[PDB]
Structures are given as structure tokens and as C-alpha cells.
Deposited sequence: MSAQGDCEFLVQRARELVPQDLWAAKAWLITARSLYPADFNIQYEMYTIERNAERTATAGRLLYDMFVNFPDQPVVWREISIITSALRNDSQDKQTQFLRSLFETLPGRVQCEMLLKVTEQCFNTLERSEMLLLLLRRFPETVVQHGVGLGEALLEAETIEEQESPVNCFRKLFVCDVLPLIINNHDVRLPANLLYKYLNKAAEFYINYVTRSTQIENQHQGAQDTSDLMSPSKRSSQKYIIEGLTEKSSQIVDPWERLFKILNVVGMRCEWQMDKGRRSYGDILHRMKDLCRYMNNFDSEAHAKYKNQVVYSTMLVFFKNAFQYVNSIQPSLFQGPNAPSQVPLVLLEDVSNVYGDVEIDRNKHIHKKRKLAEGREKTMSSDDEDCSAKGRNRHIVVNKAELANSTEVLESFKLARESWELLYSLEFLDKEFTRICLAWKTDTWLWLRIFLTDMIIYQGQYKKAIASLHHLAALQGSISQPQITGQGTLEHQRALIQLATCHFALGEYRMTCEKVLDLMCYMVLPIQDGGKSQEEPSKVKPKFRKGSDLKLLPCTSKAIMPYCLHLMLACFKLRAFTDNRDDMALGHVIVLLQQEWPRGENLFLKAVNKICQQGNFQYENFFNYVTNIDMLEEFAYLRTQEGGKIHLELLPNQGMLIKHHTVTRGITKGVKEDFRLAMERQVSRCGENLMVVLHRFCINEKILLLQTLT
């Protein structure tokens, strides 16, 4: 008689008595194990009985004995997989049973599971869990796991740097490798580490607990290994004063990486304060306030932005950092290399910050080119490029491209109500800006000792905004009319709903201002329309001015001067 039959009979007898007497079943199992110490079935049955009895110590001992003696049984592999899945009431009991086994046994089981793993993601997760549980094994596994994850990400051909394997490597594998003092890595590998960490951080924040703090800590660790966001910039400026004047790879790597990191942090803060969606929008403009008359100041009210000081300081810091990056040759070349290595599309927020910085700088042709790029990539909220082109064109004395940009600016702007300003994208602030721009264009068009009169009419009509500030401007215009005596503007009575203007124009027609020949119609008729026009005093001045802008869109022919 074969011993297999006796073992099967003993197991069946023990199993049948389990529902009746647990002690009898345990005694039968012990007797069977004593008779046949090499029987894996008896050990498996004992382990199952112990697990069903919620006995942590007995189940752990039985599992360890089965693993040590019979590792080829698929039941052991299934149990190990179940335990790993639970680790990654029953789950708590399984976790407690895991602690019963020795640390070396647990490490060996984890290594066997990793070796038997097939999926790359599952194997990486198991290895990361094992390293977290047992840091001593991360010395010879941390670098390899990260390299394998990077290779798999490259092979998978991920269009965006937002990858599950890359995310796991950056969140867990990278800090574990960095903090491992026993693990030695070259500075060239630290370069790739910091590159990928920065890419992950900026891609996550642009689109978790604190990507910015983690990136800053990683940068500090990388800088210390090779040995606020504002003080480090000035310290690095002093370092440049000690290094830029005269391989020196550490200094150049720092002056590129740390400076671009602080630049990106400040830039994100800036483009999150202004246009908060890309993270009412705020547009940095040049609003000429004195129409009726390097280290620059951004004038912004504290009501539209309650935290203007910190945002302006961040903008200044980022501008200085970027200026330092392109100032000297080596850092400029390395910065261009790393930036073109990344996404050349420049996203949206970085492009917006670049356009704002260029407009701050003083060069506006490059600003206009960058805004064309931004518009191609892309008053409502989105139409910021129109306002920015308007101010940029007005900067270089164009005075006509400004005018078409302003006229197209308010085509999508319907609502019944120099100095570098910063206004929202709402009508209350934008519409005065557009009217100021148009008034400036026509003020420089009309006061030129020429015979133009439509220019003077356009100055008069657009002088209705913000009265009585245009008092002296309108008085000078009326003096010019008196000198000329032949004012001609057929549109005059369709837009000039100002009682001061109307009663000054009716003064010109009797005796004492001189009988000025006013051609304001396209004897009794002139006064008849005036009696009608004084009834229009009270209508929304913004509405009639906008109607003048849109309907009488032939302002351009005069503005070409």
C-alpha cells in the first residue's frame, strides 16, 4: 500500500472532523505530519485550518514551513499573490500574518514574486513596495528600477511626460535613490534625475500634496550632492560675480538649472495670479492716462488684485532670472539646449509670461511677433492678444495698426457699462482703454497744422469720454474751428450727445464766436436737428461712443497719417 493513499485518508478524516471537533482535526493533522513529514498536503491543510481559525502565529509558521519545504506548489504562489494584493478584516489579518514571517523570509518571497512577475507595471510596483518595506535592498534595486521604468516609458512612446511609470519613479523611486547615502551615483545621472523630476513637476502643476516643494527639495539635494525662492537668486547672482567673470561644469550646471527652476516657479506664480484659469483674466497693458495733456513701475489697483505686491515681486524676480540666463554665453547655450529638449510649443502660460516680459522690456516688435505666435496657438476673456497687440503697435508710433486692433477689440465687447497698467478683461476698464487709444491716435492725427477736418471731428466725438477732462482739448479744437471756419463732419450730430459741446457749437453760429460755417449735416435744418440732439443727452455715452466706433468704421482712412 502506497503512503499517498494513507496520507489522503488521514487528510479526509481530519477534514471531516473539522466541523465537529477542531482539536481532533488538529491532533489528526499532527499525527499525519509526524508519520509523513514530507507530505505537502498535510502542511497545506494545517495552514488552511490555521488561517480559517484566525490564528496569526500558527498560520504564519505553517506558511513559512510550506514555503521553505514546498516552494514549487502553485497553491503557495497563489497565496503569495493574494497576500501581495492585500498588502498593496481579511486584509488586516493577512497583513498581520505577513509580519509573523521573518524579515529575510519576506524579502526572499518578495524577490521570488518580482522574478515571477510578468507585467512591467506590476513588477515595478512590487519592487517599489519591497524597497519601501525593506530599504536595505534599495541599494542594488533603486537605480535599476528607475532605469527600467525610463526604458519602458521610452519604448511605450508616451506623447506626454505624464506617465504612470514616470510618475511612480518621480514620486517614490527618485526620492529613495536620492536619500540613499550608501548608493553612489554620478553627477551626469543627477542631471537626468533633475531633468525628469522638473519635467514631471511642471507638467503636473500646469496640466498629490506639493509638487513645488518636492521639486525644490530635489533641486537642493542635487545641488548639495555635487558640492525662499528669492534669496537663492541673489546668492546665485553673487556666485556668478565670483564665476561668470572668469571645465567648471558644476557652476554652469547650477547657473542653468537652479536659475531656470526659480524662473519657472516665479513664472507659474505670475501666470496663475494673472489669467488664473491657465494654471476674469488680467492683461498687462500700457494705458496712456495723460491723453488730455529699464526699472519701470507696474501700476495696478489693489481692488482688482488683493495681492499685487507679491505678484509684482515674483514678476521682477523671474524677469531678472531670465535676463541672467540669456546674459552670458554658456548658460544661454545650455538653457536653449534644455528648453528645446522639452516641448517647443511653450504651452500657453509660459508664452503669456514671455509676451508680458517682452512688453515690459521695451522691445515691441519681438512682442508683436510673440503675440502672433500666441494667437496662432490659441472683450470676453480669451481676447487678450488683441489688447496686447494694440498697446505694442501704439508703442512704435504705428497709430493705424493700433486703430484696427482696437476696432476689432470691441467687436466682441457688448455691455451697458504712458504707464504700464494691468487691467482685467471686463468692459469697465477695457472700454476706457480702447477709447483712450483711439483718442490718442486721432489727437496726433488732427493737431498737425493740416487741412484735415474728419480728424478733428473724430477728436471731438471721442472727447465725450471722461468729462470734464477733455475740457481744454475741446477748447483747443473749437479754437481751431474758429481759425478754419469751415468744419465739415456729416456724422457730427449722430454721435455728439454732449450738452456742453452742443451749446458751444451753437455759440459758434450766431455772432460772438464768429459766424463759423458749420457743415454738420449730410438754415432752419441745422437748429432743427440740434433741438432733436439735445433730447439725446442722457443716453448711455458708452453706448453711443461704441456705436460711433462700429457703424462709422471709416475712421481708418483718416488715421493713416
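What ranges of the deposited sequence are left out of this structure?
Residues lacking C-alpha coordinates: 89 to 93, 213 to 251, 272 to 279, 299 to 301, 335 to 342, 357 to 391, 477 to 488, 528 to 547, 653 to 671.
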